[PDB]
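Asks: So I pulled this structure from the PDB, and the sequence comes with it:
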Amino acid sequence: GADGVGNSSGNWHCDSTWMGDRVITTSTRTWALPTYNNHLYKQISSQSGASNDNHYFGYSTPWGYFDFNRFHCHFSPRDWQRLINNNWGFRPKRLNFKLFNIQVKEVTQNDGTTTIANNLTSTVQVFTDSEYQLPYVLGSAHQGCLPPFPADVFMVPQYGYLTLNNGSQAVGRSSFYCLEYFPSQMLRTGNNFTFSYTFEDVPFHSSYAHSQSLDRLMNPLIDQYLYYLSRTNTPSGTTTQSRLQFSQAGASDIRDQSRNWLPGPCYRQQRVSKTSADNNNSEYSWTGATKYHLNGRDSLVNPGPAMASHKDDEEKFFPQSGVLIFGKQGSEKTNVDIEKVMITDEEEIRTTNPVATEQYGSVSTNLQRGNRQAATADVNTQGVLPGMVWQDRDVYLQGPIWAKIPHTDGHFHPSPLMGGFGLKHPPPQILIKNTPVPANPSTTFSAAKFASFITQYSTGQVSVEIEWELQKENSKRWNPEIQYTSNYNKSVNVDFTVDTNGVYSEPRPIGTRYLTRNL
Amino acid sequence: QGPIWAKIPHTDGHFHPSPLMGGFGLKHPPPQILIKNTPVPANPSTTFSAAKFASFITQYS
C-alpha cells in the first residue's frame, strides 16, 4: 500500500473498451466482511439420521473469499451484445485484481442502541494461494457473486470445505487445512492489494449455431455410387420367397444413405412438460431420476452430458435435470412454483447432439435364420465411438465462466458440464479475514484460549479487469441472421432495469448462440 | 512438545551438559525478550505534592 489515513488508495474503474480483435472489461463493487465463527475453526458434518447419500464431513473457517466467476459480473446487457451478435467465439486471456479503500469499524451493542466507530489501527489480511494447495471451492456455482448491477453492495461469503467420510465419521486419510499457515499480507487503512494472472491457452467458446444437420450433409441432386440392402424378399407365385435386392440411395432414399459421421453420446433423461396436465400424478422426482453410483451412495447428474432439450415443434417438454434453471427476482429457496423459475433452452445443438429424452438408436439383438426373425432393442446410453462429433453446452449470460479440472491420471474432453472453460490452473482463490483484536484480559496470568474479542467488521472496494480474445466471422450467407432483440412494444417496466422500488432484475436467460455457421 | 534448549549454568565445571529434560544445552542461549506497557498517569492534583502516584490510566496492548 501507500501513504496516509487521509489519502485515498484507489480510483473507481468500471468501463468496457472494444478494440476489435481483443476486448477488455472492468468493474468495481463495494463489499462488507463480517467475522465468522467467532475467530475459530469448527468441524461440521451431516446431522444425525440422514440418507446415506446426504452424509458429509468437513470444516468451516473464519475466512471469506471473493467470487467473480459469473459472466454478469463482467459484462453488462448491452456489452454482451457486441459479443454474441457480432462474433463466432471468445475466450479469456489475462486478468487483474485489486483491493483498496479499506476501513474497519468496531461496534458497541450496549442497551438498545448500537454505536459504530472507526478503528484506525486494526488490520485485514489477504492472500492468494496460487499453488492450488487448498481445496478448490469455486466452480460449484454457489451464491456470493459480485452483483450484476454495479451500484449494489454485497457480503463476502464464508469459506469451508469437505473431506472423505464414512457415514458422518472421518477417515484416517481425511485432511485438515489451517489457513493461518500460509503467508498473507496484512492491510490497514491506506494499504492496497493487487495481483495479475494469465489464462492458459483454451479453445474459443462456440457462439455459432449450425446451418446443417448432421443427418443431411450431401447433394440432393446426385445419387451415390454405394449400394444398401433394400428389399429382403420378393413375391413368387402366391407367397414371397427370400431374395436380396440392392439399391443406390437418391433424394427419395435420403434416410438410407452412407455417411462418414455419427452423433454424439447420450445418457438418457426423463421428460416432463410445462403444461401441468400431461405430467403423471405421483412422486417420481427422486425415483425417476437419472443417477450415478459412487461408493455406495447415489447422486443425481444435474446438468448431465450435453444434449438437446426437445425435438422439432415440441416446446413444452424439457429433461428432468438436463437443463440449467435460474430463479427470477426474489425467488425463495425451497418448493417454489414454475412461474418463479427461468428454464434455459438447449435446442440449436439438435443438429449434432441427440435429444436428451430419447434413445440414441437401435441395435440388433440376435442372429436371424430361417425359423428365427430379426430382433432389435433400443440403446438408451452410448459412450464415445470413433467418428463421433458433438457440441458443448452454452454459457448463457449468468453462469459459470470456468471450472478447475481435477488433478487425475486421465480425463476426456475436459470442457466442464455446466459450461464454460476447463482450466488446469484457474484463477486462484482470494481469501480475506478480519484480524482478531482481544479485549481487556485479566490482571493475573492464565493460560487459556481467549473467548472475548472486540466486535468489528470491515468494508472497502474491489476491482476486476479481464482481457478477452474475439473471433470474427466471414460468412457468405446471403439472407439475414437471427439477432438478439429487445421487444419494442410498450410495457410497465424496461427489461434489465430497476423498478419503482429500486431492485434490479433480469427478465430472461440470454445465450451466446445466434450467428449461424455451416456444419 | 517440550524443551528445545536450556542455559548451561555458569560454573567452574560440568559434565556432559546436555540437559536432563531434553534438547540442547547452550552457554549463550536465545536471549530473553522483555516487554511492558509504559505507565500513563491520570489527572494529578493542582497543588504540588511529593508522593508516588497510585493512579494511572487503565490500558493494555
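Replies: Looks like it arrived, so ask away. Residues are numbered from 1 along each chain as shown, chains lettered A, B, ... in the order given.

Asks: List the neighbours of stretch A:371-382 that are in contact with it.
Replies: Contact with stretch A:371-382 is made by A:265-268, A:359-366, A:368, as judged by Cβ atoms under 8 Å, 6 or more residues apart in numbering or on different chains. No exception for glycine: its C-beta is placed from N, CA and C like everyone else's.

Asks: again but with stretch A:455-462, I slipped
Replies: Residues contacting stretch A:455-462 (Cβ under 8 Å, 6+ apart): A:10, A:12, A:28-35, A:66, A:97-109, A:119, A:122, A:124, A:146, A:434, A:437.

Asks: And the closest residue to residue A:75 other than its chain neighbours, how far from residue A:213?
Replies: The shortest distance from residue A:75 to any non-neighbouring residue, by Cβ to Cβ, 6 or more residues apart in numbering or on different chains, is to residue A:25 (6.4 Å). Distance of residue A:25 to residue A:213, computed by Cβ to Cβ, to the nearest Å: 35 Å.

Asks: How about residue A:360: what's its closest non-neighbour residue?
Replies: Counting by Cβ to Cβ, 6+ apart, the residue nearest residue A:360 is residue A:382, at 4.2 Å.

Asks: contacting residues for residue A:71?
Replies: Shown in contact with residue A:71 (Cβ under 8 Å, 6+ apart): A:80, A:395, A:396, A:397, A:398, A:399, A:401.

Asks: again, 6 Å this time
Replies: If you count contacts by Cβ atoms under 6 Å, 6 or more residues apart in numbering or on different chains, residue A:71 has them with A:397, A:401.

Asks: Quick check on it: phi, psi?
Replies: phi -60, psi -50 (degrees, to the nearest 10).

Asks: Kindly report the same for the one 10 residues further on.
Replies: The main-chain torsion angles of residue A:81 are listed as degrees, to the nearest 10 and equal phi -100, psi 0.

Asks: For it, grab the count of nearby residues.
Replies: 17 (other Cβ atoms under 10 Å in any protein chain shown).

Asks: got it, and residue A:58?
Replies: Quick note: residue A:58 (other Cβ under 10 Å) scores 19 neighbours.

Asks: Determine how far stretch A:91-100 lies from the middle of the whole chain.
Replies: The chain centre lies 19 Å from the centre of stretch A:91-100; the measure is Cα atoms, centre = their mean, to the nearest Å.

Asks: cool, and stretch A:346-364?
Replies: The chain centroid and the centroid of stretch A:346-364 are separated by 23 Å under Cα atoms, centre = their mean.

Asks: That one spans what distance, first to last residue?
Replies: In stretch A:346-364, first residue to last residue: 31 Å (Cα to Cα, to the nearest Å).

Asks: What are the buried residues along that stretch?
Replies: A:346-360 (16 or more other Cβ atoms under 10 Å in any protein chain shown).

Asks: and what of stretch A:53-61?
Replies: Here stretch A:53-61 shows A:55, A:57, A:58, A:59, A:60, A:61 as buried, counting by 16+ other Cβ under 10 Å.

Asks: Return the member of those nearest to residue A:285.
Replies: Residue A:285 has its nearest neighbour among the buried residues of stretch A:53-61 in residue A:55, at 20.6 Å by Cβ to Cβ.

Asks: so what's the closest one up against?
Replies: A:46, A:165, A:167, A:168.

Asks: Would you point out which residue is most central in chain A?
Replies: By Cα atoms, centre = their mean, chain A has its centre lying nearest to residue A:400, at 3.1 Å.

Asks: For that residue, list each beta-bridge partner.
Replies: Note on residue A:400: beta-bridge partners residue A:70, judged by DSSP bridges.

Asks: so who does it touch?
Replies: Counting by Cβ under 6 Å, 6+ apart, the residues that residue A:400 touches are A:141, A:418, A:419, A:420.

Asks: Could you dump those residues into CSV and include neighbour count?
Replies: Formatted as CSV, those follow (neighbours: other Cβ atoms under 10 Å in any protein chain shown):
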residue, neighbour count
A:141, 17
A:418, 15
A:419, 25
A:420, 25
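
Asks: contacting residues for the nearest residue to residue A:242 once chain neighbours are set aside?
Replies: Nearest residue to residue A:242 in three dimensions, chain neighbours excluded: residue A:233, at 5.3 Å (Cβ to Cβ, 6+ apart). Neighbour list for residue A:233: A:240, A:242, A:243 [criterion: Cβ under 6 Å, 6+ apart].

Asks: and what of residue A:310?
Replies: Contacts of residue A:310 (Cβ under 6 Å, 6+ apart): residue A:317.

Asks: Name the nearest of the buried residues of stretch A:346-364 relative to residue A:277.
Replies: For those, the nearest to residue A:277 is residue A:357 (18.2 Å; Cβ to Cβ).

Asks: I'd like the distance between residue A:396 and residue A:160.
Replies: Counting by Cβ to Cβ - residue A:396 and residue A:160 are separated by 28 Å.

Asks: Please say which of these two ends up with more neighbours.
Replies: residue A:396 (21 against 18).

Asks: Next step: the buried residues of stretch A:53-61 restricted to strands.
Replies: A:57, A:58, A:59, A:60, A:61 (DSSP state E).
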